[PDB]
Amino acid sequence: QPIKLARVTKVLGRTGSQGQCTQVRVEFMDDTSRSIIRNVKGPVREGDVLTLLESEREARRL
Amino acid sequence: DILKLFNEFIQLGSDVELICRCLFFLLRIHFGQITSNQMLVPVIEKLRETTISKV
Amino acid sequence: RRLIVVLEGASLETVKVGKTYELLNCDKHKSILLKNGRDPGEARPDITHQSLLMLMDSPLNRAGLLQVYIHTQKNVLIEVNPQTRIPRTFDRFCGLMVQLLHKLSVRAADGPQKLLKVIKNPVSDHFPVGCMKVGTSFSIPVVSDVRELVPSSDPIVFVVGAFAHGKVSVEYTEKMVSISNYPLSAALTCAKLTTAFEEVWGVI
Amino acid sequence: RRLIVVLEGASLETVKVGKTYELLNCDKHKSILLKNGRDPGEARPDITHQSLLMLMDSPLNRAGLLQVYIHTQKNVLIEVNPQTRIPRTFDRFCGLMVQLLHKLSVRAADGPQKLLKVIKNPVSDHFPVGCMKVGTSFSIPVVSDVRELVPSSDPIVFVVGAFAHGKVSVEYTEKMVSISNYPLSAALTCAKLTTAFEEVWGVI
Amino acid sequence: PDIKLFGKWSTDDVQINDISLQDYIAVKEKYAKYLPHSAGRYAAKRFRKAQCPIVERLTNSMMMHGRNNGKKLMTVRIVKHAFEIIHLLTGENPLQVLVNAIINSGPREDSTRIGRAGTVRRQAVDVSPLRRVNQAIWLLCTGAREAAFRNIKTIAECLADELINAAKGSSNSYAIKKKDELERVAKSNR
Amino acid sequence: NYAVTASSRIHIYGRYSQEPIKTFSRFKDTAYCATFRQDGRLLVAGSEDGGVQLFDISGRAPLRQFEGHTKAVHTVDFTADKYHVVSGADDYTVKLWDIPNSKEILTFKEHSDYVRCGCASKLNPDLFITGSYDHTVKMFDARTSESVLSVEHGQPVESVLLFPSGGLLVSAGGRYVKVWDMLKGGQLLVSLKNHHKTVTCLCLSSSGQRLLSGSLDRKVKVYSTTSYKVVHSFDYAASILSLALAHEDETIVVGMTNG
RNA sequence: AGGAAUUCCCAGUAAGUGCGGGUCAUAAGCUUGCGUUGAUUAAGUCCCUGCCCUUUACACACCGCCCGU
Ligand SMILES: Nc1ncnc2c1ncn2[C@@H]1O[C@H](CSCC[C@H](N)C(=O)O)[C@@H](O)[C@H]1O
Ligand SMILES: Nc1ncnc2c1ncn2[C@@H]1O[C@H](CSCC[C@H](N)C(=O)O)[C@@H](O)[C@H]1O
Ligand SMILES: [Mg+2]
Ligand SMILES: [Mg+2]
């Protein structure tokens, strides 16, 4: 599965339960107008670019 | 599924202010992805007629 | 390329009776184990003792492709020099481990270099980087052939428990495998593990 | 088919100190051992101890494809029941052998079935018909593939020295083989022989 | 005028092939300096050290590893000698080699930790670009330091070899092994 | 400056400067064939062990070691590009190595005796010529896994050299010095003998017209390439093992049988 | 080149190095000044271990009763 790039639109907050990572909202650089929620480790702000080797997983799922 | 359930809520007339506030928020945040999917075309057509008529 | 063997959960600890300090053994120290309500039959240095005989007399160590680590129940990490002989009989083996656990190091009588030394936890820091790390347990439903798991030119880490009951569970293993359909002793597991590595690596 | 292993030259005997009977241990009985000028270090029951354990715990002995016979230095011939469980601790093992020699018998604690009992010399009479005998030693210059020596459906007898120092030399053996170019222990030889016969007879 | 590092290494030809790390590697025309020694305050504010030139960051991170701390001129000379050796051995711009090594050494996903007294459980999570750069620099410096220890080889040659191997992408380098093992553990824990 | 290799020591001498300005002595038994790179910063070396060693002209320990050869190595040289090396040893094989990758690129095995004289072409990379005691000189070249051209010499080959322009190869065996042309393959133009012992070394002047040949009989002959006739002679106290020329013809260095 | 346990630490900070004074208390293999060189990570949560408080100024907007003995 091809490697994907995403842009951070909104920083939600620190999970607390899952270590101390940050939940962020990211939108894919493709013109598909998609947006998901991801967990990121390390200092992150708005406008950062994340590299997703797998893009199907969702941070909040049953 | 939520858009289908939201349409059922507005027609009954129950808690329209709460549902519309929720409904308008999802449409903005998922505006681009909704536009691409042709399966959602029937859904908003029921939503569009219902929402303005009830409000 | 090398083989790394980690003995996890070794029952190695020193107690004092009378004016003498000696290693905790189940049968010899039966009276004191029932005192303070400690579970009898858990002080089994023999499993650690027997396994090291199988490992260090194996031709793989004789060829210089084996390194042995011991992680006891009291979270004390011991490195074993391949140049050491283990004491073959039990009582002096108690004498060595009492010597090692108190002085933190054992020097060679015939050589300047150290033979046994207590080192810093965790054991994962001392492994070569990029090595594969494998745990062994009978509870795994699928029996895996040892010859298939041997890397061609990379070091590998295998963990064998030194306890009669329980399952191996540590942080750094990524897969747990079974290599037989039956429960084997710890000493037999090391002996069966080392023999398959030799013929793959040409040690006959 | 069945694999029979004979441990010859086992150092198993009972001695008198004070009023109690103990098995002859080099470490424990060094005082009396120095008296009368008998050589210290020859009395090595621990060689027998770990050897029986892995032979007993081998998968084939579960499958009923192993028989172990013991021929001590004192020309005492001992058979073992496949159902026998040798104690893992050396001290508990020493109790049974002391009880074995004097009473000539070991019965099960839960039944009259015979576990350990001394039989008549020589052992060659008890051997099954159509069986070949092989001796094992390091001194043979040509190493033999242990997987090649297996008979498909015939019983076979191996003789392994349970002594401290010397060579295997008994009349009934037909041929002599070496399994490795390194000096191995009597224990690891037993583990290797059972491991090789394991795959051929299809028990895994 | 043209600004060249140490007076001989140009910065115009240096280019970055990773889009995510363009905003966190400072090598371009605005960040071009003659020496990796500016006496600036880059730890004063959050995210400000992304504006520090990457050569100065490599110099700073090479001072904490296996040395008496505070000796910066020695580290500058070590970096200069390593760049000279890299240019002699490979024949291309050492700045490009350093950029490629930092790009290759950075992990893309890590494993966040859930640990109790008994056992630890895992979860794969993403890594921000700033942590990618910091961890790549740390891995390269640690690999060079461990290679130079107890060997007849000065730290400059080991550092040069580490950057050459990491930029090549070969498995002979410490940083590549660390990155591969970390991403493998994260992959197994999805 | 010039590097003189002798016994287990490679010395770097400057102009005048009786004492060496630098010394490489960490060779286990002996060193062979110290040669400079075109940029004058790195030097290739050899040893009786078989490992090819790259040295920095300002260091003390070798930067790169090559362990492919099994017996003694006597000829090593760079290529047209300054980042690959070609080495030839006594195990009948010649190997091409890469400097940054630190691994052997390619191997050739087409010789029947000790291989102890290799040369490379400055004009064309991967175009190199090798010499052995098996009386043959084979040109392992182009981008192929076999020799394109071979040359037969009547005696063991001590030295081979390439004229940069015209594709002329000069080879020394015994008394004979033979010139071969590459315009048509294996064309012996001129074979000359003016020494009464074995011709040890063959060197080219800065000008293409002058060619110098040193031999084992305490005499060095200077020839014009246009006429292929002797134009000068030099007489020395001992046999000439090594002959070396500076920029223009400024300095002449000759190394003898003795120290 | 110093195990198990355990303590401390966020910018001229951690760490290294030198040079002085003995000041109405204290301080001698110790105490306190002054200068030199100068870093890695972090700028956010209540998940563990705890602490401090609450659950009766009517712009717009928002919101619409803690429980028990
Ligand atoms: N069949 C087998 N394959 C691989 N390892 C085995 C094994 N049988 C026992 N072991 C190893 O031998 C050690 C002691 S034997 C104790 C067995 C234990 N109940 C278990 O879970 O396996 C254990 O740590 C186990 O890892
Ligand atoms: N490589 C080998 N192959 C077969 N049997 C071996 C062996 N190495 C040791 N043994 C057996 O193990 C027993 C104890 S080892 C005894 C010491 C002797 N030098 C020796 O190595 O053989 C001996 O009786 C010998 O028969
Ligand atoms: Mg310390
Ligand atoms: Mg001071």
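Definitions and limits used
Residues numbered from 1 in each chain as written, not as in the entry; some residues may be left out. Chains lettered and ligands numbered in written order. Part of a larger assembly, values for the part shown. Heavy atoms only, no water. Residues with missing side-chain atoms left out of burial classes, pairs and counts. Least-squares fit on C-alpha atoms. Contact = heavy atoms within 4.5 Å. Pairing = 2+ DSSP bridges. Helix = DSSP H or I, 4+ residues; strand = E, 2+ residues; numbered from the N terminus. Axes fitted to C-alpha atoms, helices over the stretch in contact; angles between N-to-C directions. Near = heavy atom within 4 Å. Polar contact = N/O pair within 3.5 Å; in protein donor to acceptor, adjacent residues only side chain to side chain. Areas by Shrake-Rupley, 256 points an atom, 1.4 Å probe, with all protein chains shown as cover. Nonpolar A, V, L, I, M, F, W, Y, C, P; charged D, E, K, R; others polar. Core = buried A, V, L, I, M, F, W, Y, C linked by side-chain atoms within 4.5 Å. Buried < 20%, exposed > 50% of the residue type's maximum accessible area, 1.4 Å probe, protein only. Salt bridge = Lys/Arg side-chain N within 4 Å of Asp/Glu carboxyl O. Buried area = accessible area lost by both parts, 1.4 Å probe.

Per the deposited record, the coordinates in this entry were obtained by cryo-EM to a resolution of 3.6 Å.

Asker: Sorry, what's going on with the relation of the copies chain C and chain D here?
Answerer: For the pair of chain copies, the relating transformation is a rotation about an axis with a translation along it. The transform that puts chain C on chain D rotates by 179 degrees and translates by 0.0 Å along the axis, for an RMSD of 0.6 Å. Classification of the inter-copy transformation places it as that of a two-fold axis. Take the interface residues of chain C: 75% of them recur as interface residues in chain D, which is what a same-surface contact looks like.

Asker: When you look at the sheet that holds strand β9 (residues 156-161) of chain D in this model, what are you seeing that I'm missing?
Answerer: Hydrogen bonds between backbone atoms are what pair the strands of a sheet, whose relative direction is either parallel or antiparallel. Residues and elements named next belong to chain D. Strands sit in the order β6-β7-β5-β4-β1-β9-β8-β10 across an open sheet of eight strands; the sheet is mixed. If you trace the sheet from one side to the other, it starts and ends with β6 (105-108) and β10 (175-177), each paired once. Going from strand to strand, the sheet's axes swing by 25 degrees on average, the running direction of each strand aside. Note: strand β8 (residues 132-136) against β10, three bridges, orientation parallel. Directly across from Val 134, in β10, lies its bridge partner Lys 175. Packed on one face of the sheet, helix α2 (residues 45-57) meets β1 (3-10), β4 (66-72) and β5 (77-80) and runs near 165 degrees to β4.

Asker: What is the right way to read the site of ligand 1 from this model?
Answerer: Residues and elements named next belong to chain C. Surveying the vicinity of ligand 1 reveals 15 residues, the closest of which are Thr 136, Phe 138, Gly 161, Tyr 182 and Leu 184. Between an oxygen atom of ligand 1 and a main-chain N or O atom of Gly 161, the distance comes to 3.1 Å. One of the backbone N or O atoms of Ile 179 is found 3.3 Å from a nitrogen atom in ligand 1. Protein contacts shield 89% of the accessible area of ligand 1, which totals 520 Å² for the unbound molecule. In terms of residue class, the shell around ligand 1 is made up of eight nonpolar, seven polar and no charged.

Asker: Any chance you could explain the interface of chain C and chain D here in plain terms?
Answerer: By convention, interface size is frequently given as the accessible area that disappears when the constituent parts associate. Each partner contributes residues to the interface: chain C has 24 residues there, and chain D has 24 residues. Within the residue set of the side of chain C that touches chain D, elements represented by two or more residues are α2 (45-56), α3 (59-63) and α6 (186-200) of chain C. Residues of the side of chain C that touches chain D, tallied by class, amount to 10 nonpolar, six polar and eight charged.

Asker: Is there a simple way to think about the sheet that holds strand β23 (residues 229-235) of chain F in this case?
Answerer: Residues and elements named next belong to chain F. Judged by pairing direction, the sheet is antiparallel, and its four strands sit side by side in the order β20-β21-β22-β23 without closing on themselves. Looking along the sheet, the strands with just one partner apiece sit at the ends: β20 (201-204) and β23. When the angles between neighbouring strand axes are averaged without regard to direction, this sheet yields 20 degrees. Where β20 and strand β21 (residues 210-214) come together, four bridges link them in antiparallel fashion. For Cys 201, the partnering residue across the bridge sits in β21 and is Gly 214.

Asker: Whenever I open this one, the arrangement of the chains confuses me. Can you help?
Answerer: Considering every one of the five pairs of chains in contact, the largest contact total is recorded for chains A and E. Nowhere do chain B and chain D come into contact; their C-alpha atoms are at least 54 Å apart. One finds no contact linking chain C with chain F; the least C-alpha distance across the pair is 17 Å.

Asker: Even after reading the chapter, I still don't get the nonpolar core, so can you show me in this structure?
Answerer: Soluble globular proteins tend to bury their nonpolar side chains together. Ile70(C) and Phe197(C) are the most contacted members of the largest nonpolar core, which has 95 residues in total. With eight residues, α6(C) is the single largest residue contributor to this core. For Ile70(C), the residues in contact, after removing those within four places along its chain, are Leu7(C), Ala10(C), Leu12(C), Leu52(C), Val76(C), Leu77(C), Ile78(C) and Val80(C). Within the second largest apolar cluster, 62 residues are counted, among which are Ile25(E), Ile102(E), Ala166(E) and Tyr174(E).

Asker: Looking at this structure, how should I read the site of ligand 2?
Answerer: Residue and element names in this part refer to chain D. By nearness alone, 13 residues border ligand 2, and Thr 136, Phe 163, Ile 179, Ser 180 and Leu 184 come closest of all. A distance of 3.1 Å separates a nitrogen atom of ligand 2 from a polar atom in the backbone of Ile 179. The separation between a nitrogen atom of ligand 2 and a polar main-chain atom of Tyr 182 is 3.4 Å. Within the complex, 86% of the 510 Å² of free accessible area of ligand 2 lies under protein. Grouping the constituent residues of the shell around ligand 2 by class yields seven nonpolar, five polar and one charged.

Asker: Got a minute to help me understand the protein's contact with RNA strand G in this structure?
Answerer: The environment of RNA strand G is made up of 24 residues, and the closest members are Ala43(E), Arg46(E), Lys49(E), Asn68(E) and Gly70(E). Those atoms of RNA strand G that come within 4 Å of the protein belong to sugar or phosphate at a rate of 74%. At 3.1 Å, a side-chain N or O of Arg14(A) approaches a base nitrogen of RNA strand G. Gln20(A) places a side-chain nitrogen or oxygen 3.1 Å from a base oxygen of RNA strand G.

Asker: What is the right way to read the pattern of salt bridges from this model?
Answerer: Two side chains bearing opposite charge may form a pair once their charged atoms approach each other closely. By the definition in use, this model includes 25 salt bridges over all chains. With a shortest N-O distance of 3.2 Å, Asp161(E) and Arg64(F) are connected by a salt bridge. Separated into two different chains, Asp161(E) in helix α5 (residues 155-168) and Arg64(F) in strand β7 (residues 64-66) make up a pair that spans both. Among the charged side chains, a salt-bridge network with shared partners connects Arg38(A), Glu54(A), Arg57(A) and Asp126(E).

Asker: Please clarify how the interface of chain A and chain E should be interpreted in this entry.
Answerer: Contact residues are listed per partner, giving 21 residues for chain A and 22 residues for chain E. Across the chain A/chain E interface, buried area totals approximately 2000 Å², and carbon plus sulfur atoms make up 53% of it. Seen at the junction of chain A and chain E, the total is two salt bridges. Across the pair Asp110(E) and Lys41(A) runs a salt bridge whose closest N-O atoms are separated by 3.6 Å. Summed over the shared surface of chain A and chain E, the number is seven residue pairs in polar contact.

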